[PDB]
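Inspection log for the structure reproduced underneath, given as structure tokens.
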Amino acid sequence: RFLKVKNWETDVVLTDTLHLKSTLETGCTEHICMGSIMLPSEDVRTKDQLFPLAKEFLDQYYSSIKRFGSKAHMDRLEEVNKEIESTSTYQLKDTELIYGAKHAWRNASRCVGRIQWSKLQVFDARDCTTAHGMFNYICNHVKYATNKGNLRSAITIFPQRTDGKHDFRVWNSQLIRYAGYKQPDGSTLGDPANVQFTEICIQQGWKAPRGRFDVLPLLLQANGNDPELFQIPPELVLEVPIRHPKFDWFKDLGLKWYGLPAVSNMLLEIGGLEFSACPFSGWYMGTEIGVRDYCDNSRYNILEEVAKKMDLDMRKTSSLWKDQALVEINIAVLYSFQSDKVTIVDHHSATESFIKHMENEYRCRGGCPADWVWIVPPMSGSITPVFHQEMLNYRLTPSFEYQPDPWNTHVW
Amino acid sequence: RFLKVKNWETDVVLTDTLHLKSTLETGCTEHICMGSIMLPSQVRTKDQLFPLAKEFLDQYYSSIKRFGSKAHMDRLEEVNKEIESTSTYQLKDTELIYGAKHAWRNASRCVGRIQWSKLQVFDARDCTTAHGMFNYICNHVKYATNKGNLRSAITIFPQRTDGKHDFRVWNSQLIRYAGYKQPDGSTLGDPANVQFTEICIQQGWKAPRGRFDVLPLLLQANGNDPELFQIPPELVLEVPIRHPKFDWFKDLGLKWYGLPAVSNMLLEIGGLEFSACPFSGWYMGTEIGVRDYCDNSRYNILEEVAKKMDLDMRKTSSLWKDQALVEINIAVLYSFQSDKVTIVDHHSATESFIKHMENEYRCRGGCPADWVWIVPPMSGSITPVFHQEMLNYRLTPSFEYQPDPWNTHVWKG
Ligand code: HEM
Ligand code: HEM
Ligand SMILES: Cc1cc(N)nc2cc(-c3cccc(CCN)c3)ccc12
Ligand SMILES: Cc1cc(N)nc2cc(-c3cccc(CCN)c3)ccc12
Ligand SMILES: C[C@H](O)[C@H](O)[C@H]1CNc2nc(N)[nH]c(=O)c2N1
Ligand SMILES: C[C@H](O)[C@H](O)[C@H]1CNc2nc(N)[nH]c(=O)c2N1
Ligand SMILES: [Zn+2]
């Protein structure tokens, strides 16, 4: 049970001991594997639920600074112990906060970009009290992370849950996303994935330009209050016009995308403490836009339009016109970003980086939890090295977790 | 207990009750998922054999709507006495056919299972020698091939008894190309087959030493040392690969065989183990175009193809690899269709499987599926299986992996 993982392209074999420190459960059993389930499974921590969680976290922390078993360690354990017995919760030291966040990223088994995990910019926003205040922290995040196209990793951490009545939440799924409107006649204009949220905004007071690439407004909820709309200043939203380096007609498709991927609907858990609002951001892998955002049938779905322009034989599937078109689109996305000097990585580069990162983690940590179903890119799978890499998936803490959408729960 | 799966593209939700009939184990635990391990670890006595027999017979007679009948009870009784008396038992023909078909049906890594009920089962349980094996296999190949109009088939050799008298096909597939390790480090032919090739040569094979030499059959009967046989070339249907627009593609000198026929797996039915049971269907295009040609550890022709297309091969973000892969796959499909050899593209096959899967949820209560393997090795998310949640669990009858015989065999000499 000190498990081994093989790379079948290189015969490299790695021994995993880190999985033995796993806390939470996977959702698999000896009888059934649920590795392809998108999301397997009021609850405020009780007093005695929280001490062991806090102790577990402080133990890793003081080991990581080579102070395990020290006076400083013991003192802190005691101090937090006292504070929970007293206040029914506790507060992280800035240093612990930063360690917790960086390690939540390190432990994210579905993330392929984790080779960068130690270079995360952490913005402490725990002094925040209002949606306007939240708006301000978020604008600063966006401007810092964007950095004129030279993107930088960042997370902004708002106050922690207390009793579930005073939660901080960003209602958008990403800080920057295009709107989606269902036409009265056909299907959808803009981005179909955002049709419900685009409507909640409107139903909350937003006036929409009803274009195909309208940046959504922010819906910000502080201390469990009704949320508020804020438009992100356009000069803070860096966008890229999409053109092909060979096909002049590509520009005429009229497509663009934003440079900053910034997920804002997940929950960060450290030492038992729950941060329900913690937007984090990095930079795109090319296929996230080109393969998923543009070509998914339930998104922009521009494949047929493009194949048309290329004059491919769309009569039978065995001509592989979708594949051919798909490649060109993704060539264009990378070409556009690179030309405009906005940070982006191709799926070949990022998967190779991740193999290197796996190597490092097995060597200096004893393993690296990884979710094959998510790590392997949605195109050209087997000509990337992660395809032939066996991976073990297990859940370590600190972690990012999913949480219900606010509008289904909000005590309005 | 119910279990739901969701298709995230169509929002279709299905309910799995079949997983409750699962007996075997996955390799996963409460705290670890081993879903991407290629071969998880996941001589049998009468102690454990009659429960296994009873389970199978209960299934079998349920499917034919005779559960609890006299024919069912007498059959149970007959199998019981045969086991306590002889320490094994024999399957009737009907049972064997049901067995092989349900094994395929239960094969969670197989995207082609829509076809599972149309399997041609050849009973070679009266075979006793390697020569007899060679003859059964020749006939399999002739029948399956059918002049390019392929037919699914399986040939079943005698079951294991004491594990000292096993029937084995030492080839991983009935038809495969040689691989030769050259002194300078390079490989001639198929790198996947170098080790098996070396065995054949040792056993007295005279190697042509080309890049597409069909390997000889290495056949073991009754636990005896294996013998070489050459498949008659008129029986091996091959297809030269050309591209519909690139005239220089044919000059790359590629070809591939038409019949995929896997011969190293173990068929388990009602506790009985059939260690030699070659089965065949037809190719999905990506098996050849993506894995056989473009894997770095295989023929690895991406470079040569990228050069002739004059692609920007300097930085990878030009996606020259991705572009070359598509053209090669286009060529493979075009060539097979032109020669009227049965083949299916990954778009058609994944679509068929989603239909199969839905049908299996309705009429059977589930469909075990291994996402890691079902999703095609190129253009993943534009196929409908990518967005489909799947539960993976093991049912019997089943096909299992077994170790290479040259590692476990006791040599006679
Ligand atoms: C810096 C470059 C980064 C790249 C290239 C990257 C790439 C990716 C990709 C491709 C996915 C799959 C999601 C999808 O396909 O839609 C993913 C998921 C994810 N990423 Fe990263 N990411 C980066 C930075 C970050 C950062 C800075 C964080 C947090 C601090 C992060 C946390 C996560 C998490 C939590 C998931 C989902 C994990 C889960 O659901 O368990 N990523 N990332
Ligand atoms: C008729 C057309 C068929 C097609 C297109 C097809 C396709 C495939 C493919 C692509 C794989 C994955 C192999 C790889 O990617 O390396 C697979 C796996 C498999 N197939 Fe099929 N197959 C077909 C017929 C059959 C038949 C006739 C049988 C047996 C009677 C069979 C049994 C299996 C088994 C046992 C596996 C591995 C399953 C496991 O380990 O769970 N298939 N199939
Ligand atoms: C920081 C970051 C960068 C990036 N390029 N992609 C991300 C993708 C995610 C992500 C996580 C869960 C689900 C999703 C959307 C599902 N395809 C995205 C989260 C963060 C990301
Ligand atoms: C009958 C049949 C047809 C087909 N097109 N592919 C198969 C592929 C397999 C197969 C199963 C496990 C492993 C492998 C090779 C390793 N990728 C192939 C087995 C049977 C097949
Ligand atoms: C059903 C399946 O689990 C789902 O489509 C997953 C598959 N793999 C993925 N992988 C990545 N990187 N992103 C995704 O959104 C998904 N979707
Ligand atoms: C390590 C990994 O599980 C291994 O490379 C698997 C991945 N998925 C696959 N899927 C198919 N269809 N065929 C394969 O050979 C593999 N190989
Ligand atoms: Zn699992």
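Reconstructed Cβ throughout: ideal geometry from the backbone, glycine too, with neighbour counts over all protein chains shown. Where a number appears in this text, it was derived from the coordinates with a stated rule and is not lab data.
On average, how many beta carbons from a partner chain sit within 10 Å of the beta carbon of a residue in A:287-299?
Partner Cβ neighbours, averaged per residue: 2.
Would you please give the FRET efficiency between A:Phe247 and B:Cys363, computed as 1/(1 + (r/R0)^6) with r the Cβ-Cβ distance and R0 = 51 Å, to the nearest 0.05? Mind dumping the intermediate values first?
On the way: r = 48 Å, r/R0 = 0.94.
Efficiency at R0 = 51 Å is approximately 0.60.
Quick one: Cα centre-to-centre distance for the range A:30-81 and the range A:97-129, in angstrom?
Cα centres, the range A:30-81 to the range A:97-129: 16 Å.
Less than 17 Å from a label point 7 Å out along the Cα-to-Cβ axis of B:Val13: which backbone N atoms in the range A:19-57 qualify, by residue?
Backbone N within reach: A:37-41.
Treat each spin label as a single point 7 Å out from the Cα along the C-beta direction, and report the A:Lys47 to B:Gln42 distance in nm.
Spacing of the two 7 Å Cα→Cβ label points: 4.3 nm.
Let me check I have the definition right: for the range A:312-364, take the eigenvalues of the Cα gyration tensor, multiply each by 5, take square roots. What are those semi-axes in whole Å, largest first? Mind dumping the intermediate values first?
Numbers: eigenvalues 209, 68, 4 Å².
Here the semi-axes work out to 32, 18, 4 Å.
Using the number of other C-beta atoms within 10 angstrom as an exposure proxy, rank B:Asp47, A:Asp167 with the fewest first. Provide the component values of the computation, followed by the final result.
Working: B:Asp47 7, A:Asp167 26.
Going from least to most buried by this count: B:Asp47, A:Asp167.
Of B:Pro232, B:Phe336, B:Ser275, which is farthest along the charge dipole of the protein assembly as shown in the positive direction, counting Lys and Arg as +1 and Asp and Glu as -1 at C-beta?
Ranked along the dipole, the leading option is B:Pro232.
Mind checking the dipole of the range A:163-224: about its Cα centre, +1 per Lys or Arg Cβ, -1 per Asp or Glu Cβ, Debye to the nearest 20? Display every interim value, and only then the final one.
Working: 7 positive and 6 negative charges, 24 e Å.
Its charge dipole is roughly 120 debye.
How much length is gained if the chain between B:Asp225 and B:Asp339 is pulled fully straight, taking 0.36 nm per residue apart and subtracting their Cα-Cα distance, in nm to one decimal?
Here the answer is 37.1 nm.
Stretch B:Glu82-B:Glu198 to full length: gain in nm at 0.36 nm per residue minus the Cα-Cα span?
Values: separation 116, 0.36 × 116 = 41.76 nm, distance 4.32 nm.
Extending this stretch completely gives an extra 37.4 nm.
Evaluate the range A:328-412: find the radius of gyration of its Cα atoms, find its Kirkwood radius, and give the ratio Rg to Rh. Kindly include the intermediate steps, with their values, before the conclusion.
Working: Rg = 17.4 Å, Rh = 15.9 Å.
Radius of gyration relative to Kirkwood radius: 1.10.
When you look at the Cβ of every residue in A:381-390, what mean number of other chain Cβ atoms sits within 10 Å? Display every interim value, and only then the final one.
Values: counts 9, 11, 12, 2, 1, 1, 5, 4, 1, 7.
The mean count of partner-chain Cβ atoms within 10 Å per residue comes to 5.
What would the Debye equation give as log₁₀ I(q)/I(0) for the protein assembly as shown at q = 0.09 Å⁻¹, counting only Cα atoms as equal point scatterers?
-0.99
For the cross-link pairs B:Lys245/B:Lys307; A:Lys246/B:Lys245; A:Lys143/A:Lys356; B:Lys21/B:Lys54; B:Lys54/B:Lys92; B:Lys54/B:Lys118, which exceed 24 Å when the distance is taken from alpha carbon to alpha carbon? Write down the numbers at each step before the final one.
Numbers: B:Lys245/B:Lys307 16 Å; A:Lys246/B:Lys245 19 Å; A:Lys143/A:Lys356 30 Å; B:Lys21/B:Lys54 14 Å; B:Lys54/B:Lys92 14 Å; B:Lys54/B:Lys118 26 Å.
The answer is A:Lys143/A:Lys356; B:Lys54/B:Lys118.
Using a Förster distance of 30 angstrom, determine the FRET efficiency expected from the C-beta separation of B:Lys164 and A:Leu20, and round it to 0.05.
On the way: r = 40 Å, r/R0 = 1.33.
Calculated transfer efficiency: 0.15.
Applying 1/(1 + (r/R0)^6) with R0 = 60 Å to the Cβ-Cβ distance of A:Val411 and B:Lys147, what FRET efficiency is obtained, to the nearest 0.05?
On the way: r = 71 Å, r/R0 = 1.19.
Working from the Cβ atoms, E equals 0.25.
Considering the range B:75-174, what Rg and Dmax in Å follow from its alpha-carbon atoms?
15.5, 48
Inside 10 Å of the C-beta atoms of A:68-75, what's the mean count of C-beta atoms belonging to other chains? All intermediate terms of the calculation are to be shown ahead of the outcome.
On the way: counts 0, 0, 0, 0, 0, 0, 0, 0.
If you average over the peptide's residues, the count of other-chain Cβ atoms is 0.
Fewest first, what order do A:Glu25, A:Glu79 take by the number of other Cβ atoms within 10 Å? Each step should come with its number before you reach the end.
Details: A:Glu25 15, A:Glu79 12.
The fewest-first ordering by Cβ neighbours comes to A:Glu79, A:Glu25.
Might you report the magnitude of the Cβ-based charge dipole of chain B about its Cα centre, with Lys and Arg at +1 and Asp and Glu at -1, to the nearest 20 debye? Don't jump to the answer; show the numbers that get you there.
Working: 47 positive and 49 negative charges, 116 e Å.
For chain B, the charge dipole is close to 560 debye.
Considering only DSSP beta bridges where both residues belong to the range B:231-346, give the percentage that are antiparallel (nearest 5). The partial results should precede the final answer.
Values: 8 of 10 bridges.
Percent antiparallel among DSSP bridges in the range B:231-346 is about 80.
What number do you get for chain B when its Cα radius of gyration is normalised by 2.2 N^0.38 Å, N = residues? Don't jump to the answer; show the numbers that get you there.
Values: Rg = 22.7 Å, N = 413, 2.2 N^0.38 = 21.7 Å.
That ratio works out to 1.05.
Of all DSSP beta bridges in the protein assembly as shown, what percent run antiparallel (nearest 5)? Present the calculation step by step, with values, prior to reporting the outcome.
Values: 57 of 68 bridges.
Roughly 85 percent of the beta bridges in the protein assembly as shown run antiparallel, per DSSP.
Leaving out same-chain residues fewer than 8 places away, which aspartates and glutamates sit with a Cα under 20 Å from that of A:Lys316?
A:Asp296, A:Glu304, A:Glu305, A:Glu328, B:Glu287, B:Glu327, B:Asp339, B:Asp345, B:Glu351
Counting other beta carbons within 10 Å of each Cβ, put A:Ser70, A:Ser399 in order, fewest first. Write down the numbers at each step before the final one.
Values: A:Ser70 12, A:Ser399 20.
Arranged by neighbour count, lowest to highest, A:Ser70, A:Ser399 become A:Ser70, A:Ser399.
Quick one: check the C-alpha center-to-center distance for the range A:224-296 versus the range A:393-412, whole angstrom.
With the range A:224-296 and the range A:393-412 each reduced to a Cα centre, they are spaced 20 Å.
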